[PDB]
Every structure is written in C-alpha cells, then in structure tokens.
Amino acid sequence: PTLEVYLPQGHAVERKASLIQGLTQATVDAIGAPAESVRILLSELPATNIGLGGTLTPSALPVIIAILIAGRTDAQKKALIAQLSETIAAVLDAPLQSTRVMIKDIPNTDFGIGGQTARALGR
C-alpha cells in the first residue's frame, strides 16, 4: 500500500513518527498487507497552499490518498477508511469529521514491483 497524507506544516518529528507507525498498523489490520509493503509519504503544505471553500485554512486537512493493488473487497476498503481515519484523528488530534480518505485501485497489469508486474508475480 502507498499512503499519501496531506498535512499542514508544524507537527513534531515524534508525532510524524507516531503517525507513520499507527497508520501502518491500521493498514495491516484493515487489509492484511505485510507491514514491510506499506509506504507512507506525509506531504506537508505551507499555509499559502491549502484551501477549503475557496479560502486559505489548514482545516481543509488531513486528506489521505491510499493506493492499493486491485482486488481488495468492499469490506476491506470500508475497514481501511475507518481505521486510517480513527488513527489520524487520535494521533494528530484532528476532528474525525475533518478527515478524508480516497482509495485508488491499480490493476495488477498496471503495478510494478521491482521491474516486474504484479500479475507476473502472482498478485
């Protein structure tokens, strides 16, 4: 899994480490991917760059994009959305209703692992 988390600037190094740990645990629990396969990028944006309702505010965030190889069930995706959202709301003290999760499914012919396709490798 590849998760991108859009965040304002200013969260401490320890909070970012705790968020990476917790979002990885939530991904393993929800969809069962091996922990080693979970990559997370936290994308901090400056205040000048973050819009909600046409005006600048950090309250537009957090937004999480989760990119998965195709084939996860509806139930797995529902669990991923719930657990990623609960985790970021707790770790960053963000209101649950301000958290967004968007999943992209990548067909196994369209996903490369080490220069070979996921379908070539049996995924």
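Start at 1 and count along the sequence shown; that's the residue number.
For the higher mean C-alpha B factor in the entry, choose 58-66 or 87-95.
Between 87-95 and 58-66, it is 87-95 that shows the higher mean C-alpha B-factor.
Pick out which of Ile106, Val13, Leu23, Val101 has the highest C-alpha B-factor in the PDB entry.
When the deposited C-alpha B-factors of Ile106, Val13, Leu23, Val101 are compared, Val13 is largest.
Among the chain's modelled residues, which third holds the C-alpha B-factor of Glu36?
Its C-alpha B-factor, which the entry lists for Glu36, ranks in the highest third among residues of this chain.
Once the chain's modelled residues are ordered by C-alpha B factor and cut into thirds, is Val28 in the lowest, middle or highest one?
Lowest third, going by the recorded CA B-factors of the chain.
Cα B factor band for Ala118 (lowest, middle or highest third within the chain):
For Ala118, whose C-alpha B-factor we compare with every modelled residue in the chain, the answer is the middle third.
Which third of the chain does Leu80 land in by C-alpha B-factor: lowest, middle or highest?
For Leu80, the deposited C-alpha B-factor lands in the middle third.
Split the chain's modelled residues into thirds by Cα B-factor; is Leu52 in the lowest, middle or highest one?
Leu52: CA B-factor falls in the middle third of its chain.
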